């Protein structure tokens, strides 16, 4: 059969560069003839030959008549959809995989696993699909919006790992990791460490033994919870990132949080899912991260790297590597993913750029992608080009 996927060394390169904008609403004018779906929480996951661009649709198109409610997050109509990366996600181009108001997906080398959560807030359900077949579920353990990554899960040797979490958005949300093989949960992993609130983890492989994730604390800190999951022992520990370049939004000024690495700090309440991807070299590991340019709003997006060290203990600033989205443009969730080239993996970050005109009109998103490419420095930014009044 195809053989199972493993992380490989990254393809050679030393800077990210603007790769692709998928801006569906450039075609949603009332006088045009297209039907872009109203979506949010996009992410991309790739298998050996193709990438799919996933998103959670409110099951409505622009132009159209169901804009009411599209700023909400959870309802009975939200579905996980995909298009091949490079296609515009329209009513006809999209595949509707399952009813879901939170999702993830990943390819294990042989088939796609799709993950979606739906159900009532106090009783939600993780649903897993392997190809066409619905294969397994996992129940709410804290009865308060069980939810998952909004980005790719990660498979190695056929075993796929997924972050899930449950609990109060302004309180405790202890995450768990599920180990999934061919659509079935074969193991629950309970992390150790600083565990009081971890959600929306962006995970990737640091090597064949470790998955690392930069996550969101929506309650206590502007530092990101950082998971190190050991794949050989199936154990996870979590501690806060110690860098002075806080990656959450909102956040205080860099370096202003005093005290040891684990200090929570100020402006911890609220948050945003953040980009994180690995560049695996033979002797050195690059960790690439994105954060909004505004400290308090979802506006702009800048790139940072750091090679080696230990995220849990290094307080050093990350090196700024370029403006992907200017302050003038929306920069909402971001996520990492890898494209498989013939012999190496290409790290990328994608950026959700939400068109927000509030609760009175449609609410949806463009997706911008930056990937490691060549050398020198990052050269250009992304605008969505959308005028919401059309």
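Positions refer to the first chain, counted from 1.
K.L.:
Would you mind comparing 122-130 and 278-286 for me and telling me which has the higher average C-alpha temperature factor in the entry?
P.N.:
On average, C-alpha B-factors are higher across 278-286.
K.L.:
According to the deposited model, is the average Cα temperature factor higher in 260-268 or in 172-180?
P.N.:
So the stretch with the higher mean C-alpha B-factor is 260-268.
K.L.:
I'd like to know which of 78, 251, 224, 187 has the highest C-alpha temperature factor in the PDB entry.
P.N.:
Reading the PDB entry, the winner on C-alpha B-factor is 187.
K.L.:
Which one of 302, 150, 217, 308 shows the biggest C-alpha B-factor in the PDB entry?
P.N.:
If I rank 302, 150, 217, 308 by C-alpha B-factor, first place goes to 308.
K.L.:
Among the modelled residues of its chain, does the C-alpha B-factor of residue 246 lie in the lowest, middle or highest third?
P.N.:
Ranked within chain, residue 246 CA B lands in the middle tercile.
K.L.:
Tell me, lowest, middle or highest third: where does the Cα B factor of residue 233 rank within its chain?
P.N.:
It belongs to the highest third of the chain when residues are ordered by C-alpha B-factor.
K.L.:
Rank-wise, by C-alpha B-factor, drop residue 30 into the lowest, middle or highest third of its chain.
P.N.:
Within its chain, residue 30 is a highest-third residue by C-alpha B-factor, going by the deposited values.
K.L.:
Please rank the C-alpha B-factors of the chain's modelled residues and tell me whether residue 315 sits in the lowest, middle or highest third.
P.N.:
Highest third, going by the recorded CA B-factors of the chain.
K.L.:
Looking at the temperature factor on the CA atom of residue 99, which third of the chain's modelled residues does it land in?
P.N.:
Its C-alpha B-factor belongs to the lowest third of this chain's values.
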